[PDB]
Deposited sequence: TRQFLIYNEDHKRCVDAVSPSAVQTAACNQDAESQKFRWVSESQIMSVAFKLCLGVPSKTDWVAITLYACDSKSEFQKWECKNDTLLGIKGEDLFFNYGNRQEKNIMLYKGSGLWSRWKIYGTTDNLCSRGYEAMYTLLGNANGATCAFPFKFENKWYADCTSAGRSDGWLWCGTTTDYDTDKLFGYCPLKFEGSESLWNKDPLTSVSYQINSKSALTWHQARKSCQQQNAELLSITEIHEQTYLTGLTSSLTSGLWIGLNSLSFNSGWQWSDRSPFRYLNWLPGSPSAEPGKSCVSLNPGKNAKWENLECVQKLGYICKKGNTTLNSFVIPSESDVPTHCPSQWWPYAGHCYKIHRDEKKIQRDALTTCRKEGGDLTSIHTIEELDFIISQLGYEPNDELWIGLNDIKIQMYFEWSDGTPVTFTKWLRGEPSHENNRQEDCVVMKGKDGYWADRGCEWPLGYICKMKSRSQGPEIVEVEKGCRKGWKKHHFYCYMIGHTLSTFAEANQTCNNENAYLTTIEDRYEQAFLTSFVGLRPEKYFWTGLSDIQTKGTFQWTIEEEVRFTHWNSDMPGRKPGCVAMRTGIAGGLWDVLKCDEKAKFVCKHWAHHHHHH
């Protein structure tokens, strides 16, 4: 219930609703309910005191805005922020204005003056900052449908979640505009006395679980229901987790949604909360090869096992609220690098790829231990991208790694005893585990992602052990034909382009998949949040070019980049793995220079 007041600085008077046919301005008051407003849709603004939306008689010049009955299809009630702080009707350039022509009622107007721009009281942001978000109910008889604001309960209009009609303060809402007629309702996912009883808390791991067997949402809807509760769709990472949930869902049979999905087209199966997919528990015949089934459901009737279905089915879902973090692996840039011959260092470990004599996994595991190491374990995306970039890895390689489930089937563990905190499966992997007794994992593909197969095939392997200049300058690491540097002075993009040019270099370009992979490992394990690069749209807004004028034949953009956002590109560290974000060029962050060899 994020209500807000609205006023204009050039007059310092808050909009006040007095009558459904008269909306004026009075003295600003935080307690006067007649001045509170909140969005109820992507465009509809509603009053809290009268439970009525703001609209216009018709999209024409100089008409009085008043309180109308809230209607979803009403084109006259849809608003939109334009340019900066201007507030106008969705479709035309008619604005929310007050002050002109001695009219105490706020008027729709054509003039773009300061009398038509409104901010939120107590802040400096426009009205499109908060906005309406779909709120999915819990339990109830409405199958977890979204709240409908406003709704009529016992001939009274309510604007937010209410405890009326109940004697236990349980907040609830009506999923339809007329509850007295439809009697469809649900409980609001908000903090109230007793809301903790909706979560089941494992006394061991302290992780909390919510089981909504009465709801019936899609996968994308179920994820949004858990996200809005500071949670996420269920992820099962241990045998104890699968066992604890089997007891909770022992009395249920209706299928429930979990976080396991394959929606990412480049990778394989993955959890919604980015947890490592190392524990498998598919039903027989699952996962199926149907191209449309990309979301996994937990079937409590068939012994809590998993099956993949279409992401559009309406089933229950399980939320997972927990604070458990796998590890940090942050290195305050510091690590030893005493590696033997033919081995290469990274983050305190020595790696080596064996392409010479292809052996099976058990012979590869023995050979790595003969040399004082072990089959490689991978814990970060940075460490994975170091292997493909610096170890002479080729796109058509197939190399063994330490991931296996020889001890317990369907439960992958690292051969070197280290915990499994990271997984990157290939498109369509893991698959066909029921066809064999031991599932060993390999590295193949241009991106070096993983795939599980039989353990009885001669292949290359990658060994890894502890720690016990080159063709260029001192503080410059060398990758392939170039040498790169990390500036330690937090500077802007302008200041960064100078320091790189000061050292006869330049902000690093990114030409292929592996130079990006190297740069992903060259930074990303350091506590800094962003690292600059060469891409920017200063030459021509909308088009990106390097600062040394080379062809831009590679793109490593983030989730929602770039498009509308103008600025300077910078790589993101941590779990993102060097993805390109667009930031304001006046922001201060470290950078990476680049220079040719010798």
request  = Quickly check which stretches of the deposited sequence aren't in the model, judged by C-alpha, and list them in order.
outcome  = 334-335, 471-479, 610-614
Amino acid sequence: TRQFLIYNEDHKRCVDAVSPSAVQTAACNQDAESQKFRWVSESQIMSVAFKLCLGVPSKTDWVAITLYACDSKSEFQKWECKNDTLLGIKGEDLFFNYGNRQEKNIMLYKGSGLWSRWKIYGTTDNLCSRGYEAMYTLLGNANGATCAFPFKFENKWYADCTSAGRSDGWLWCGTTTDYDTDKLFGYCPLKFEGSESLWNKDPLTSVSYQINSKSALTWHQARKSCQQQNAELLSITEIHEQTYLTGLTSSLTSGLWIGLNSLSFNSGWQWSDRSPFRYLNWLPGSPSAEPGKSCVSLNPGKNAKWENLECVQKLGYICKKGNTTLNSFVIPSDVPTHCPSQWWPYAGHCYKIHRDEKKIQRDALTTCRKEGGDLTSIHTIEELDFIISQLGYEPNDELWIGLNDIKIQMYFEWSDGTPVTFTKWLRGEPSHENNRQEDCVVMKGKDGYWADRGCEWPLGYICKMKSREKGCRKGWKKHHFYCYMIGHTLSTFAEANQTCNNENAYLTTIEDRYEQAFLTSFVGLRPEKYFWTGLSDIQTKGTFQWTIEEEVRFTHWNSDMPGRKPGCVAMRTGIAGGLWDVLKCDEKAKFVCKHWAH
From here on, numbers count along this sequence of modelled residues.
task = Taking the mean of the C-alpha B-factors per stretch from the entry, tell me the winner out of 128-136 and 214-222.
result = 128-136
inquiry  = Please compare 503-511 with 322-330 and say which has the higher mean C-alpha temperature factor in the record.
reply    = 322-330
remark   = Top Cα B-factor in this entry, restricted to 554, 68, 557, 546, sits on 546
message = Highest recorded C-alpha temperature factor, please, choosing from 278, 338, 152, 477.
response = 338
query = When the modelled residues of the chain are sorted by Cα temperature factor, does residue 95 land in the lowest, middle or highest third?
reply = highest
ask   = Taking the C-alpha B-factors as the PDB entry records them, is residue 373 in the lowest, middle or highest third of its chain?
value = lowest
Third assignment of residue 468 from its chain's C-alpha B-factors = highest
request  = Taking the chain's C-alpha temperature factors as the reference, tell me which third residue 86 falls into: lowest, middle or highest.
outcome  = highest
note = residue 397: C-alpha B-factor third of its chain, per the entry, is the middle
